[PDB]
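Each answer follows from the model by the rule given with it, or from the source it names; these are not laboratory values. Neighbour counts are summed over all protein chains in view; Cβ atoms, including those assigned to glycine, are modelled from backbone coordinates with ideal geometry.
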Amino acid sequence: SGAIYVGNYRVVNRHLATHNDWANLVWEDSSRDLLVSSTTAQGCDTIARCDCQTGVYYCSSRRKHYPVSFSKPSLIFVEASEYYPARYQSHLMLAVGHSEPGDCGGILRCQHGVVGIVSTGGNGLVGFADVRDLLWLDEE
Ligand SMILES: CSc1cscc1CC(=O)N1CC(C(N)=O)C1
Ligand SMILES: [Zn+2]
């Protein structure tokens, strides 16, 4: 589990969105595994606006933050989990790192701010849904 809190937005994995998220929906995209809902309180996270390929992510199944090198956001075919079939997920970045299903939620960050959240993985992989192209998260 986990979310990004920027401005009056809450960014979560679409497959972990709650009823309150769907009832206060701003935007969702199943191909990216992302959903954004509105919040009453302002958040403290800042979104990175950069092309970093190195950063650090949080792994809840190890209670640890790991430094990683990650690929550029791309269209990557994903093994069908409990929420999606085998499929192509867009705007996904891969890195070598431990992950288990509950880890969806964990932030990947660089020196500029939040880069994305954990979304897919396995066998020492972990995939992050990028958010750096969602410029509207910084306004309104
Ligand atoms: C970090 S996800 C992961 C680590 S080991 C196996 C998995 C894969 C998994 O169970 N999925 C991916 C997620 C989705 N986006 O639907 C649900
Ligand atoms: Zn950066």
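Are any of the residues in the stretch 21-33 crowded, with 17+ Cβ neighbours inside 10 Å and closer than 19 Å to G122 by Cα? Among the residues of the stretch 21-33, at least one is crowded, with 17+ Cβ neighbours inside 10 Å and closer than 19 Å to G122 by Cα, which makes the answer yes. Of the residues making up the stretch 119-133, one or more are in a loop (DSSP other than H, G, I, E, B) and β-branched (V, I, T).
Could you say which residue among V126, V118, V131, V114 is crowded, with 19+ Cβ neighbours inside 10 Å and in contact with a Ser or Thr (Cβ under 6 Å, 6 or more places away or on another chain)?
Unique residue meeting the criteria: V126.
Taking into account only those residues within the stretch 70-83 that are within 16 Å of the chain's Cα centre (by Cα) and of a type outside the set (A, V, I, L, M, F, W, C), which is surrounded by the fewest Cβ atoms within 10 Å (Cβ to Cβ)?
In this case the residue turns out to be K72.
Note on the stretch 93-110: among residues that are assigned to a loop (DSSP other than H, G, I, E, B) and closer than 20 Å to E28 by Cα, the one that is farthest from ligand 2 (Cβ to nearest atom) is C104. Among the residues making up the stretch 16-44, those that are more than 13 Å from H91 (Cβ to Cβ) and under 13 Å from the mean Cα position of the chain (by Cα) are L16, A17, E28, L35, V36.
For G116, the stated conditions do not hold, so it cannot be described as out of contact with any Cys (no Cβ under 9 Å at 6 or more places or on another chain), outside the structural domain of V36 (by CATH), touching a residue at least 12 places away in the same chain (Cβ under 8 Å) and in a loop (DSSP other than H, G, I, E, B). Listed by first and then second residue, the pairs with beta-carbon distance under 9 Å, at least 6 apart or on different chains, first residue in the stretch 35-58 and closer than 14 Å to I4 by Cβ, second among the basic types (K, R) and more than 10 Å from ligand 2 (Cβ to nearest atom), are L35/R10; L35/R14; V36/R10; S37/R10; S38/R10; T39/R10; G43/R10; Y58/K64.
Tell me, yes or no, whether the stretch 80-87 has at least one residue that is among the aromatic types (F, W, Y) and in contact with a strand residue (DSSP E or B) (Cβ under 6 Å, 6 or more places away or on another chain). No - not one qualifying residue is present in the stretch 80-87. The residues of the stretch 90-126 that are within 7 Å of ligand 1 (Cβ to nearest atom) and of a type outside the set (D, E), listed by number, are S99, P101, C104, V118, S119, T120, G121, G122, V126. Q89 meets all of the listed conditions (1) touching a residue at least 60 places away in the same chain (Cβ under 8 Å); (2) in the same structural domain as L137 (by CATH); (3) polar (S, T, N, Q) but one, namely (1). Among the candidates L75, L94, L35, the residue that is closer than 23 Å to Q111 by Cβ and of a type in the set (A, V, I, L, M, F, W, C) is uniquely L94.
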